[PDB]
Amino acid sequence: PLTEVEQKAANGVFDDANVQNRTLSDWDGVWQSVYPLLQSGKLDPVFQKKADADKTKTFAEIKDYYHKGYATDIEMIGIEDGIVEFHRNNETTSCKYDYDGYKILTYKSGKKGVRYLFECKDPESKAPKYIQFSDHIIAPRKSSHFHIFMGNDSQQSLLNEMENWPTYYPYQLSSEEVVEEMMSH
C-alpha cells in the first residue's frame, strides 16, 4: 500500500520538494511506549535478528543502543481533538499544541528524515514547550508509529537529538505484533 515515493521516503530517500506539511490529526489515537517491551526481554528477537544479519555489530551493542533510544517514563500518549496528553505513572500533562511546520534533516549516514514541529503556547499547561514527531512519513498520512522529541529549551536543541527518541505504537497492538513490525515494516 505504499507508492514508490512514500516507500523510498520511509527508507530516508527523498527530494525535499516532495516533503509536505502535516497536521496533528495524523498522530490521533492512543499510543503505548515500547520501552517496557525492551525491559521485559520481549524485543530480544529484534536485536537477535539484527545482530545476526549485520557482521559489524553485536547483540549487546544493538540492545544498548535501543535502551538509550527508547528510555522514557512516558508510558502512553493520547492525541485527540488537538490535545496531546502525556501519561506518566498516575500523573498526566496535556496541551493544545500549535503546529509550527517541519524541518528536513540529513543524518550522518546520508539518509534523510523530517521532523514535524509543534509548540505548547498555553501558559497554564505543564506539558513540554516544544515537541517533534518523526515517523518515516513526509506528507499527509496517518502514522503507524512514531518517535517523539520533547523539551523546553528550543526546537533546535531537539533537532540535534539523536540518542533518545521515545517510541510509540498504537496501544491496541499486541506485543507480538509490535515485534513483527520492528522486524518487518
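For clarity, a rigid core is taken as the largest C-alpha set superposing within 1.5 Å between two forms. From 1 onward, residues are counted along the sequence shown.
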- Of the two stretches 25 to 33 and 49 to 57, CA positions deviate more in 6 other deposited structures of this protein after rigid core alignment for 49 to 57
- Message: Please compare 120 to 128 with 66 to 74 and name the stretch with the higher mean C-alpha B-factor in the deposited structure.
- Response: 120 to 128
- Message: If you take the mean CA temperature factor per stretch, which one wins between 56 to 64 and 132 to 140?
- Response: 56 to 64
- Task: Name the one of 21, 25, 11, 174 with the greatest CA B-factor according to the PDB entry.
- Result: 11
- Mind checking which third residue 156 falls in for C-alpha B-factor across the chain? middle
- Item | Cα B factor band for residue 112 (lowest, middle or highest third within the chain) | highest
